[PDB]
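Examining the three-dimensional arrangement
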Amino acid sequence: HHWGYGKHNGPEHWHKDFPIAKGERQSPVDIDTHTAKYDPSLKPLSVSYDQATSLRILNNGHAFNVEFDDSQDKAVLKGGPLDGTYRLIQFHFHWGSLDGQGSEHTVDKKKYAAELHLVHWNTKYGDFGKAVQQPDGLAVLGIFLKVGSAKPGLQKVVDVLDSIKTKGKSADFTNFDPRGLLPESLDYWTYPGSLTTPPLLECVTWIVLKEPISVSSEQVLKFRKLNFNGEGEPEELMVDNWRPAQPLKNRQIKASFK
Ligand SMILES: NS(=O)(=O)NCC1=CS(=O)(=O)c2ccccc21
Ligand SMILES: [Zn+2]
């Protein structure tokens, strides 16, 4: 009876095995654009992905992860609200069964069709496992996806999904350049939060880009053909693998733009 996104093991049930689900800085949250405040102390955000080395892609029964070699500073995020260097370890998406839902963060309650999470860990902690024991151990760069024109840089990902249809399957996935998933502007909102899937650890500095990327209906439709179940099991389409917005509580969301 492991956590998932169904009626019986979904978001409303997570608190039983992971009490921190009702914690003080859970994610995602709704971003009230009018209440967010421009912060002049934010340094410019630096996304340096030119040396990124992707390794493989895996369906873990919740989403699919594109994993990177994080044994050296090859793809890093720095600046903005961060102190130090954060190394890219993997990226994944959360999407819906329909275009009107799918994102985890919302903007003035508006839901996008999907959301990309590029996960990074603070290099001062030595590794991912150690970073998730720290309040500033992780930085996740979130990018909204809306349905419109196709995103060329996402097609390589789309085309390999047929090979990892079910839970547990993985495939070689080298030379994928994450720069192809970035919108033009780096304007963003930032707030302290958590992982949005169990263990829901509160170690994340969230950086959510204001500008969404556009993906085609055909690209998102292929995400929805994936399976939550393992091979040879009854088919449960992988859709709506998003956690709804959580209480903001004692937090202020800062904007990098006026
Ligand atoms: N939506 S989210 O971004 O909070 N989730 C990310 C996540 C959760 S994890 O601890 O399974 C893990 C292991 C390795 C790399 C990333 C992750
Ligand atoms: Zn995520």
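Residues numbered from 1 in each chain as written, not as in the entry; some residues may be left out. Chains lettered and ligands numbered in written order. Heavy atoms only, no water.

**A look at the nonpolar core**
Put simply, the rule reads: In this description, a nonpolar core means a group of buried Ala, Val, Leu, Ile, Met, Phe, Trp, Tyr and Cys residues linked to one another through side-chain atoms lying within 4.5 Å. Exposure categories follow from relative accessible area, calculated using a 1.4 Å probe and restricted to protein chains: below 20% of the type maximum is buried, above 50% is exposed, and the middle band is partly exposed.
One finds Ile57, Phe64, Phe91, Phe93, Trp95 and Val157 to be the most contacted residues of the largest nonpolar core, which totals 50 residues. Counting 23 residues, the second largest nonpolar core, distinct from the first, contains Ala36, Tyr112, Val119 and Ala255.

**Details of the layout of surface pockets**
As a reminder, the rule being used: Grid spacing is 1 Å over the protein atoms alone, the probe is 1.4 Å, and a cavity is where that probe fits but cannot get out, while a pocket is an open set with protein on both sides within 12 Å along at least five of seven lines and lining residues have an atom within 4 Å of a point. Grid points are joined across faces, edges and corners, and a volume is the space filled by probe spheres set on the points. Runs of H or I in DSSP of at least four residues are treated as helices and runs of E of at least two as strands, each being numbered from the N terminus. Throughout, the ten residues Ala, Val, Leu, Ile, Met, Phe, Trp, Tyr, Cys and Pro are labelled nonpolar, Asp, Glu, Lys and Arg are labelled charged, and all others, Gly among them, are labelled polar.
Put simply, the largest pocket is a space of about 380 Å³. Along the wall of the largest pocket there are 21 residues; nearest its centre are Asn65, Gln90, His92, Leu195 and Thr197. At four residues, strand 7 (residues 86–95) tops the list of elements feeding residues into the lining of the largest pocket. The class makeup of the residues in the lining of the largest pocket is eleven nonpolar, ten polar and no charged.

**Considerations on the site of ligand 1**
Condition: Proximity is defined per residue: any heavy atom of the residue falling within 4 Å of a molecule or strand makes that residue near it. Any pair of N or O atoms that falls within 3.5 Å is considered a polar contact. Within protein, one atom must be able to donate a hydrogen and the other to accept it, and sequence-neighbouring residues count only if both atoms are side-chain atoms. Note on areas: Shrake-Rupley with a 1.4 Å probe; residue coverage comes only from the protein chains shown. To decide whether a molecule occupies a pocket or cavity, check its atoms: if more than half lie within 2 Å of the grid points, it is inside.
Taken together, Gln90, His92, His94, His117, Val119, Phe128, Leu195, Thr196, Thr197 and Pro199 make up the full set of residues near ligand 1. Within the contact set of ligand 1, a nitrogen atom lies 3.4 Å away from a side-chain nitrogen or oxygen of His117. Calculation on ligand 1 without its partners gives an accessible area of 420 Å², and the protein chains cover 78% of this total. When atom positions are compared with the pocket grids, ligand 1 is found to occupy the largest pocket. Contributing elements (two or more residues each) for the shell around ligand 1: strand 7 and strand 9 (114–122). Residue composition of the shell around ligand 1, grouped by class: four nonpolar, six polar and no charged.

**Thoughts on the pattern of salt bridges**
What counts here: What makes a salt bridge here is a side-chain nitrogen of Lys or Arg within 4 Å of a carboxyl oxygen of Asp or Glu, nothing more.
Going through the model one piece at a time under the given rule, you end up with ten salt bridges. Note that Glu67 is salt-bridged to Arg56, the shortest N-O span being 2.6 Å. Of this pair, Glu67 sits in strand 5 (residues 64–68) while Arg56 sits in strand 4 (residues 54–59); the two residues are eleven residues apart in sequence, bridging distant segments of the chain. Here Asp99 and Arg224 are joined by a salt bridge, their closest N and O atoms 2.7 Å apart. In this pair, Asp99 sits in the loop between strand 7 and strand 8 (106–107) while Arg224 sits in the loop between helix 3 (217–223) and strand 15 (254–255), placing the two residues 125 residues apart along the sequence. Take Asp99: its relative accessible area is 34%, and that puts it in the partly exposed class.

**Comments concerning the UniProt feature "binding site: substrate" in the protein chain**
The cut-off we apply is this: UniProt positions are given in the numbering used here, feature names are shortened, and annotations may be inferred rather than shown by experiment. In this description, contact between two residues means that some pair of their heavy atoms is separated by no more than 4.5 Å.
UniProt's entry tags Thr196 and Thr197 with the feature "binding site: substrate", counted in the numbering of this structure. Here the residues from the annotation list that line the largest pocket are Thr196 and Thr197. Judged by relative accessible area, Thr196 falls into the buried class, the value being 4%. When sequence neighbours within four positions are dropped, the list of residues in contact with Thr196 reads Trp14, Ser27, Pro28, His94, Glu104, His117, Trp206 and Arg243. A polar atom in the side chain of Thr196 sits 2.6 Å from the side chain of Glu104. The contacts of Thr197, once residues within four sequence positions are left out, are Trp3, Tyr5, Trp14 and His94.

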